[PDB]
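First the structure, in the form of structure tokens, and then the observations on it.
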Amino acid sequence: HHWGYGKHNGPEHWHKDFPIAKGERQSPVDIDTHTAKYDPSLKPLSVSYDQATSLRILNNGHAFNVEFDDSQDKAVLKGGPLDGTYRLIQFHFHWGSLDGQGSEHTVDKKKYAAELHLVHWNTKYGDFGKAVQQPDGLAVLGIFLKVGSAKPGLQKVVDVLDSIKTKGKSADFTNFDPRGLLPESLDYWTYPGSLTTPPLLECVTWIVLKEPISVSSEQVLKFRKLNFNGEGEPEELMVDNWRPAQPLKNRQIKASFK
Ligand SMILES: [Zn+2]
């Protein structure tokens, strides 16, 4: 009876093993565009991915993680609301059973078909395990997906999924360039929050891009052929692996843009 996204182990149950589920800075949240205030003091965001080294893609039974070499400062996020240097460790997605849901963050209650999370750790804490124990430990870049024109830079991800169908399967995933997954604009919302899966630690500076990327129906259909289950177990399609919006509580969402 491990946590997951089913009727018996889904987000409404998580607080039993992880009481911080009902904490003061949980994610995701609804971004109310009429409430989020332009902050003229936010610096522009610095996304430095030219030296990024992808290694591996893993079905962890909740999502698939594209993992990067984070042993030196190769792929980093700086500026915006951040102090210092945050190293890219992995990216993954959350997605729906259908195009009308799947994002974790919502915009004026609108759900996107999917949401990309590029997870970075603060290099002043030395390792990822120590960073998650700190309020400023992680920076997650959130990007909404909508369904329309294919995203070319996502296709190398889509075409390896056949090979990692079930929990615990991985494959070599070298030389993938995450710059191919960004929108044109780096206009963003920011607020302090948490991991959106157990252990739900309150260690994240959230940076959610305003401009979604387009992916094709055929691309997201291939996300929905993945399995939550391990090899030879009853097939549970990997769909609706999103946590719903949490109470904002004592928090301000700041906009990078007028
Ligand atoms: Zn995530």
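Convention: chains lettered A, B, ... in structure tokens order; per-chain residue numbering from 1; ligands numbered from 1 as shown.
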Leaving out residue A:207 and any residue of its chain fewer than 4 positions from it, which residues lie within 6 Å of it when counting only C-alpha atoms, given as an MDAnalysis selection string?
chainID A and resid 141 189:190
Selection file, C-alpha atoms, as a PDB file, in the first residue's frame:
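Below you can see again.pdb, which holds the result:
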ATOM      1  CA  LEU A 141      11.057  25.325 -13.650  1.00  0.00           C
ATOM      2  CA  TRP A 189       5.328  33.459 -12.007  1.00  0.00           C
ATOM      3  CA  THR A 190       7.227  32.615  -8.790  1.00  0.00           C
TER       4      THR A 190
END
Counting only C-alpha atoms and all ligand atoms, which residues of chain A sit at most 7 Å from some atom of ligand 1, and what is each one's closest atom pair with its distance in Å to one decimal, listed by chain and rising residue number, as a Markdown table?
| residue | atom | partner | partner_atom_place_in_ligand_line | distance |
| --- | --- | --- | --- | --- |
| A:92 | CA | ligand 1 | 1 (Zn) | 6.1 |
| A:93 | CA | ligand 1 | 1 (Zn) | 6.0 |
| A:94 | CA | ligand 1 | 1 (Zn) | 6.2 |
| A:116 | CA | ligand 1 | 1 (Zn) | 6.9 |
| A:117 | CA | ligand 1 | 1 (Zn) | 5.0 |
| A:196 | CA | ligand 1 | 1 (Zn) | 6.1 |
List every residue of stretch 6-206 of chain A that DSSP, applied to the backbone, labels as alpha helix (DSSP H), and write the result as a PDB file with N, CA, C and O atoms, in the first residue's frame.
ATOM      1  N   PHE A 128      22.107  16.956  -3.430  1.00  0.00           N
ATOM      2  CA  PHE A 128      20.636  17.015  -3.555  1.00  0.00           C
ATOM      3  C   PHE A 128      19.967  16.594  -2.239  1.00  0.00           C
ATOM      4  O   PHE A 128      19.059  17.332  -1.792  1.00  0.00           O
ATOM      5  N   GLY A 129      20.439  15.500  -1.625  1.00  0.00           N
ATOM      6  CA  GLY A 129      19.910  15.038  -0.337  1.00  0.00           C
ATOM      7  C   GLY A 129      19.952  16.107   0.737  1.00  0.00           C
ATOM      8  O   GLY A 129      19.028  16.092   1.577  1.00  0.00           O
ATOM      9  N   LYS A 130      21.003  16.941   0.809  1.00  0.00           N
ATOM     10  CA  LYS A 130      21.079  18.043   1.794  1.00  0.00           C
ATOM     11  C   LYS A 130      20.233  19.237   1.340  1.00  0.00           C
ATOM     12  O   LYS A 130      19.670  19.959   2.173  1.00  0.00           O
ATOM     13  N   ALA A 131      20.233  19.523   0.041  1.00  0.00           N
ATOM     14  CA  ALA A 131      19.447  20.651  -0.503  1.00  0.00           C
ATOM     15  C   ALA A 131      17.964  20.499  -0.143  1.00  0.00           C
ATOM     16  O   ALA A 131      17.374  21.519   0.271  1.00  0.00           O
ATOM     17  N   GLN A 155      10.570  14.762 -29.388  1.00  0.00           N
ATOM     18  CA  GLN A 155      10.297  13.473 -30.094  1.00  0.00           C
ATOM     19  C   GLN A 155      11.297  12.374 -29.644  1.00  0.00           C
ATOM     20  O   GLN A 155      10.886  11.198 -29.566  1.00  0.00           O
ATOM     21  N   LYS A 156      12.538  12.736 -29.299  1.00  0.00           N
ATOM     22  CA  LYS A 156      13.589  11.773 -28.886  1.00  0.00           C
ATOM     23  C   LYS A 156      13.133  11.139 -27.565  1.00  0.00           C
ATOM     24  O   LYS A 156      13.285   9.925 -27.431  1.00  0.00           O
ATOM     25  N   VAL A 157      12.488  11.929 -26.700  1.00  0.00           N
ATOM     26  CA  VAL A 157      11.860  11.424 -25.444  1.00  0.00           C
ATOM     27  C   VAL A 157      10.736  10.449 -25.810  1.00  0.00           C
ATOM     28  O   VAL A 157      10.785   9.317 -25.348  1.00  0.00           O
ATOM     29  N   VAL A 158       9.761  10.871 -26.618  1.00  0.00           N
ATOM     30  CA  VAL A 158       8.589  10.039 -27.016  1.00  0.00           C
ATOM     31  C   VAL A 158       9.082   8.696 -27.569  1.00  0.00           C
ATOM     32  O   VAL A 158       8.475   7.677 -27.279  1.00  0.00           O
ATOM     33  N   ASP A 159      10.138   8.667 -28.371  1.00  0.00           N
ATOM     34  CA  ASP A 159      10.469   7.435 -29.150  1.00  0.00           C
ATOM     35  C   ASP A 159      11.209   6.388 -28.313  1.00  0.00           C
ATOM     36  O   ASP A 159      11.313   5.263 -28.791  1.00  0.00           O
ATOM     37  N   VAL A 160      11.671   6.720 -27.111  1.00  0.00           N
ATOM     38  CA  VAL A 160      12.328   5.742 -26.192  1.00  0.00           C
ATOM     39  C   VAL A 160      11.320   5.153 -25.194  1.00  0.00           C
ATOM     40  O   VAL A 160      11.684   4.213 -24.515  1.00  0.00           O
TER      41      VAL A 160
END
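Residue nearest residue A:150 within the list A:215, A:125, A:137, A:83: A:215 [criterion: smallest interatomic distance, only C-alpha atoms].
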Residues of stretch 197-256 of chain A in strand (DSSP E) according to DSSP, as a PyMOL selection string?
chain A and resi 204-209+213-215+254-255
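One finds atom CA of residue A:65 at 14.3 Å from atom CA of residue A:177.
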I'd like the neighbourhood of residue A:122 as a PyMOL selection string, where a residue qualifies if any of its atoms comes within 12 Å (using only C-alpha atoms), though same-chain residues fewer than 2 positions away should be ignored.
chain A and resi 70+73+76-78+82-89+119-120+124-140+203-205
Can you tell me which residues surround residue A:171 at a distance of at most 8 Å, considering only C-alpha atoms, apart from same-chain residues fewer than 2 positions away, and format the answer as a PyMOL selection string?
chain A and resi 56-58+160+163-164+169+173
Any chance you can output those residues with N, CA and C atoms as a PDB file, in the first residue's frame?
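Resulting contents of result34.pdb:
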ATOM      1  N   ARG A  56      20.380   9.154 -18.726  1.00  0.00           N
ATOM      2  CA  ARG A  56      19.469   8.007 -18.536  1.00  0.00           C
ATOM      3  C   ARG A  56      18.017   8.481 -18.461  1.00  0.00           C
ATOM      4  N   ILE A  57      17.119   7.604 -18.876  1.00  0.00           N
ATOM      5  CA  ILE A  57      15.662   7.797 -18.681  1.00  0.00           C
ATOM      6  C   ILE A  57      15.129   6.587 -17.901  1.00  0.00           C
ATOM      7  N   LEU A  58      14.349   6.871 -16.868  1.00  0.00           N
ATOM      8  CA  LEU A  58      13.890   5.876 -15.854  1.00  0.00           C
ATOM      9  C   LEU A  58      12.381   5.995 -15.686  1.00  0.00           C
ATOM     10  N   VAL A 160      11.671   6.720 -27.111  1.00  0.00           N
ATOM     11  CA  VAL A 160      12.328   5.742 -26.192  1.00  0.00           C
ATOM     12  C   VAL A 160      11.320   5.153 -25.194  1.00  0.00           C
ATOM     13  N   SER A 163      10.538   1.531 -24.574  1.00  0.00           N
ATOM     14  CA  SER A 163      11.659   0.745 -24.002  1.00  0.00           C
ATOM     15  C   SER A 163      11.656   0.817 -22.468  1.00  0.00           C
ATOM     16  N   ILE A 164      10.807   1.644 -21.869  1.00  0.00           N
ATOM     17  CA  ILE A 164      10.785   1.821 -20.378  1.00  0.00           C
ATOM     18  C   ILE A 164       9.320   1.771 -19.910  1.00  0.00           C
ATOM     19  N   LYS A 169      12.233   0.110 -15.167  1.00  0.00           N
ATOM     20  CA  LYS A 169      12.996  -0.005 -16.437  1.00  0.00           C
ATOM     21  C   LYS A 169      13.645   1.345 -16.716  1.00  0.00           C
ATOM     22  N   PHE A 173      20.215   7.434 -22.314  1.00  0.00           N
ATOM     23  CA  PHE A 173      19.587   8.669 -22.854  1.00  0.00           C
ATOM     24  C   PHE A 173      20.640   9.770 -22.822  1.00  0.00           C
TER      25      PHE A 173
END
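For the residues A:255, A:63, A:181, A:147, ranking by smallest atom-to-atom distance to residue A:80 using only C-alpha atoms places A:255 first.
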For residue A:4, which residue out of A:241, A:219, A:90, A:46 is the nearest one, using only C-alpha atoms?
A:241
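Look at residue A:226: the protein and nucleic acid residues within 10 Å of it, using only C-alpha atoms and passing over chain neighbours fewer than 5 places away, are residues 59, 61, 63, 64, 161, 162, 163, 164, 165, 166, 167, 221, 235, 236, 237, 238 and 239 of chain A.
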Residues near stretch 15-31 of chain A, anyone? I mean within 6 Å using only C-alpha atoms, not counting same-chain ones fewer than 5 positions away, as a ChimeraX atom specification.
/A:104-108,193-194,196,245-246
Output of the above residues as a PDB file, in the first residue's frame, restricted to C-alpha atoms:
ATOM      1  CA  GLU A 104      -0.375  20.351 -11.469  1.00  0.00           C
ATOM      2  CA  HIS A 105      -0.356  24.201 -11.459  1.00  0.00           C
ATOM      3  CA  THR A 106      -3.468  25.824 -12.906  1.00  0.00           C
ATOM      4  CA  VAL A 107      -3.949  29.336 -14.343  1.00  0.00           C
ATOM      5  CA  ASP A 108      -7.249  30.994 -13.346  1.00  0.00           C
ATOM      6  CA  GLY A 193       6.291  25.774  -2.334  1.00  0.00           C
ATOM      7  CA  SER A 194       7.064  22.086  -2.175  1.00  0.00           C
ATOM      8  CA  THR A 196       4.378  17.620  -5.430  1.00  0.00           C
ATOM      9  CA  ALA A 245      -4.003  22.547  -6.446  1.00  0.00           C
ATOM     10  CA  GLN A 246      -3.298  23.167  -2.688  1.00  0.00           C
TER      11      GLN A 246
END
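Between atom CA of residue A:33 and atom CA of residue A:253 there is a distance of 9.1 Å.
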Looking at A:34, A:62, A:251, A:8, which one is nearest to residue A:229, with distances taken over only C-alpha atoms?
A:62
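Considering only C-alpha atoms, the residue among A:232, A:191, A:247, A:184 positioned nearest to residue A:37 is A:191.
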Compile the contact shell of residue A:11 as number ranges by chain: residues with an atom at most 9 Å away, counting only C-alpha atoms, same-chain residues fewer than 5 positions apart removed.
A: 3-6, 21, 197, 242-244
